[PDB]
Every structure is written in structure tokens, then in C-alpha cells.
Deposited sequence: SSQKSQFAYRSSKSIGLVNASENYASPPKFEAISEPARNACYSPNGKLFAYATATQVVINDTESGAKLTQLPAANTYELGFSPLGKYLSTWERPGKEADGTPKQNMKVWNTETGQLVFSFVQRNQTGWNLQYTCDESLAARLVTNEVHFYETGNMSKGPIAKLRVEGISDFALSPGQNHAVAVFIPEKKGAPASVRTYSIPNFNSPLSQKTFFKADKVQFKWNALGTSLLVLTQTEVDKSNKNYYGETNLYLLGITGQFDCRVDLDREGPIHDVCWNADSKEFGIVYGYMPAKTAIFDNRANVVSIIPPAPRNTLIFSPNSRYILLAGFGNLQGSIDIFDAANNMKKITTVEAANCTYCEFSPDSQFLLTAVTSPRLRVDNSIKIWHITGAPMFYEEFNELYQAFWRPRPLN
């Protein structure tokens, strides 16, 4: 329909229908206060932006304001998978008497009701995780993991997890709800990774342990069946879990990016000291494609799982290449976006957005939308641009 994206600069904030000669939906206008943050719901039906005083939820079709949240001093925002809940991280603190304040609260989007409120100090892993049906939520306590019913989480944890000494965890986005958890290294014991079905707390699905591991990184695919695991000062190594006791490098050095494919059939890796080589796999850990060493640090799959992007960010001279899984890994396009700090396919995988953002860069902030062929369709100069992103659509 309309190729809509959002933008927020130091000067303004708005939604832009690229199919409409780049105009905003008629019923849209921001708050008195300057915006400090913004985001879309996973299905792109809603838009939220944060100002000092309040938080406003709009309709991405009309731009019409829908909901008002009395959330002040916010820094982070997050939509639940079906956008029926929105979480707001504030900066932590203590109450008049001395009580720690409820930094992050959960809100309803069609009633504007404060359903819940937690105390937290971290910004990393702040939000609740959710199932895809948005029926279950998950919080992280020392040496425990809590589960909730999203409909009625006020009553408390409907379920808890047995295992002890949990450092981080990650839910499954499959049809049937599953969990993946991690235990940091202690004395006389290595780190460990665990998977559980939510029905089965009693019966683990995987129980693996890992050494010289203080940290970890989980990467489920769209189908909650397979799961990548990454051990990460002196060394880094990459593992694989497939739920079920399943385990499955050509260049010595760091892995720069790890990414699944939208169809959950393939995945790729940007690894080793530069120029970084790139390898595409299958759901089995077998190579499909070997992209030769190039100055790249970032890999992205197109939503339609047809195109593969390979770029270099975090520095100047940032080019972009686009490869085609269907055409024998042909390259069809090479563009450059120097100092690009953000890049993303349009929902229909036909266009490509690039941007340069502050404070990751205080010079040359801009927006540029590209065809999949290489032909630009838009460009806009900013002084201090903060974010710019597509309005996500499902199964277009």
C-alpha cells in the first residue's frame, strides 16, 4: 500500500508515506515537548514516541492519537508482539520515604491502564519477553525466571523455573512456547545452557555446559525449533542448540554479525579479521555460499528471504552489497553509504533505507531510500537526526 517509515530528528518527528509523495498521515501531530524516543509495534499498526511529559500512541494509518500514558523521564519503549502492551523504562530512583521507585511499568494500549510496575536498574534486558501469541510474559530474577499470563499478570507469576544461578535467558517465538536459559561460570564449574518446554518444566530438552564462558548470546529463528548460541575477553566461540542435545571459523578472529533468515531455512556469518569473509548455511550447519573477504561487518537478510545484504558500518567508506540466494548468490547491486549507522529493507524487500544518526555521528545526518536495483528514490539532509525506520508489515 503505502511505504511508510518514521523519523525523529532533534528538530522534528513524524511519519512519512513514501508512496504519497512523502506526506504524513493527516491526523498526526506531536506533543508540546520535544520527542526523545520512538518505535513501531511489531506489526506496525501502532506508533509510540516519548517526550519528557507524556507518551503518545498513534494510528499509523490516519496518524490519529489514540492513547495517553503519563510516563515521564522515559528512555526506552517496547511493544508486545501484538501491540496490546507497551513497556516504558524510566531512570531508576528512590521514593520519598526511601522506597525504590517502579522504574518500568507495563501499559495497555487500548485503555491506557497501568497494568503493572517493576523496579529495575539495568537498561540491558530491561523489558519483559513475550510469546508470539502474547499470552505469556517473562521477567528475570537472580537464580530464578518468572512466567506470567499477559491477560492477568497482576495476580503474579503463574509459573517459575527450577534451575539456579541464572544470568540471562531467551524465549522462543515458535507456535509452541519454549525457553532457553544460561548460567554464568562459577568456581569449580563451567557455564551452562539449558532449554525447556513451557508445559514441561519437569523435563529439560537440553542440558549442556560450556567453559571459559562468562557471557552468552541467544538467537532463535522465526520457527522456534533451532537456536544459535554464542560464547563471548581473550576468546570467543560459537555454538548451536536444536530443540534436544544437538550441536552443529574458516578465518581466525572475531565474528562480526550473526543472523538467521526470515524463512528460518538459512543463516549467515560475518567472521574473522578484515577483510571479513562471509558464509551462508542451511538449517543444517552446512555451507551454501562463501562470500569472499571484503570490508564488511554486518549481514542482513531480506524479509522475503530472497536477498542478502552485506555492509560495513561504524566507520567511513561504508559500502553496501546485495546478493541473491535464488540466483546463485549473484550480486545485483553495490551502493555506498559512508558513515551509515542504520540500514533496513522495506517490508516488501523491494526497497532499502539507509541513515546516518546522532549521537553515533554528530555530522552528515541524513535519510536515503534506495531501490533494490540501486536507483535512489529519496534523500533528505538533517542536522541532528536520531532515528528513522520502516513501518513493519506482516506477510505483504
Worksheet item: Wait, which stretches of the deposited chain are just not there in the structure?
Response: 1-2, 235-237, 249-255, 261-264
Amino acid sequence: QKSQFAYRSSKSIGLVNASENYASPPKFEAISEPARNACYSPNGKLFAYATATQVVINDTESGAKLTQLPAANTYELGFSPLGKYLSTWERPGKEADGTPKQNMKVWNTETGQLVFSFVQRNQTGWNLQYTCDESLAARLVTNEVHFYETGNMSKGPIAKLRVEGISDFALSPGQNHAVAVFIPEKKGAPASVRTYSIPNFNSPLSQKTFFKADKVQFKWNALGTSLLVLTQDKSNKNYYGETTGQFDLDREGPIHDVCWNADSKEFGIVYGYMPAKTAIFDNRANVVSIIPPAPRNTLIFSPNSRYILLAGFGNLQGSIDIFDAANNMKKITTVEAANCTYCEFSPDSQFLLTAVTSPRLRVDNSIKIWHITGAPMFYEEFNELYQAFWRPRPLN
From here on, numbers count along this sequence of modelled residues.
Worksheet item: Mean CA B-factor: is it higher for 125-133 or for 146-154?
Response: 146-154
Practice prompt. Using the B-factors recorded in the PDB entry, average over the C-alpha atoms of 252-260 and of 282-290, then report which stretch comes out higher.
Written response: 282-290
Fill in: Top residue by Cα temperature factor, when 296, 219, 215, 162 are compared in the entry
162
Fill in: C-alpha B-factor winner, where the candidates are 323, 85, 210, 118
210
Worksheet entry | Cα B factor band for residue 271 (lowest, middle or highest third within the chain) | middle
Worksheet entry | Ranked C-alpha temperature factor of residue 331 among modelled chain residues, by third | highest
Item to complete: Check where residue 31 lands among this chain's C-alpha B-factors and tell me if it's the lowest, middle or highest third.
Response: highest
Worksheet item: Lowest, middle or highest third: where is residue 17 by Cα B-factor in its chain?
Response: lowest
Item to complete: Please place residue 80 in the lowest, middle or highest third of its chain by C-alpha B factor as given in the entry.
Response: lowest
